[PDB]
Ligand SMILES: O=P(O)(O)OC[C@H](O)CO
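Only one chain is given next, in C-alpha cells, and it is the form deposited without the ligand.
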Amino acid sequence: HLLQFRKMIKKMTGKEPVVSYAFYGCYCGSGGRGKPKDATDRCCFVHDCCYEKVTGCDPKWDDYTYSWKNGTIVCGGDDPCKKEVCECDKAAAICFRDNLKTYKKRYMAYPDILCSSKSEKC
C-alpha cells in the first residue's frame, strides 16, 4: 500500500513524502513520462518499473507485511506478490535516502508538460 510506502520514506528520509516526493520530477508523481530529471527521480523511475513487473496483486492498494528489524525494513509474509511489492517500496525508500544529497527543491511539484517527449524504457 502507498500508505506503508509513505511510512518507509518518512523514516528513511525524515521528510513528509506527500510534500517532498509525491510530485517530484517526471516519475515520482502518478505515472511518469520522458527522462528522469535526476537521481531521486530515477528512484521513482525504477520503482515504476518495479510495480509494472508485479502481476498477481495490486501494488498500489494491497497491504503487505513488513518490519523494521535492526533499523532496516524487512519484508515478510507468505504471499510472494505482496512481498514482491514490499521490496519495490523498500528499495525506493533506500534510493531516496542515498540520493538525499542531490535532492533539488526546484524539482518537487515539477510540471509534467515540461518532461521529455521520449520516455526511457524499463
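Residues carry their position along the shown sequence, with the first being 1.
In this entry, the higher average B-factor at the C-alpha atoms falls on 60 to 68, of the pair 33 to 41 and 60 to 68. If you average the C-alpha B-factors over 17 to 25 and over 97 to 105, the higher value belongs to 97 to 105. Among the modelled residues of its chain, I73 has a C-alpha B-factor that falls in the highest third, as given in the PDB entry. When the modelled residues of the chain are ordered by their C-alpha B factor, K83 lands in the highest third.
Sorting the modelled residues of the chain by their CA temperature factor places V54 in the highest third.
This next part talks about the form solved in complex with the ligand, which is not shown.
Using a 4.5 angstroms limit between non-hydrogen atoms, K82 is distant from the ligand in the entry with it bound. Although the partner is absent here, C44 lies within 4.5 Å of the ligand in the entry with it bound, judged by heavy atoms. Using a 4.5 angstroms threshold between heavy atoms, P36 stays clear of the ligand in the entry with it bound. For the chain shown alone, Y64 is not a contact residue for the ligand in the entry with it bound, no non-hydrogen atom being within 4.5 angstroms. Not one of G25, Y103 and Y107 places a heavy atom within 4.5 Å of the ligand in the entry with it bound.
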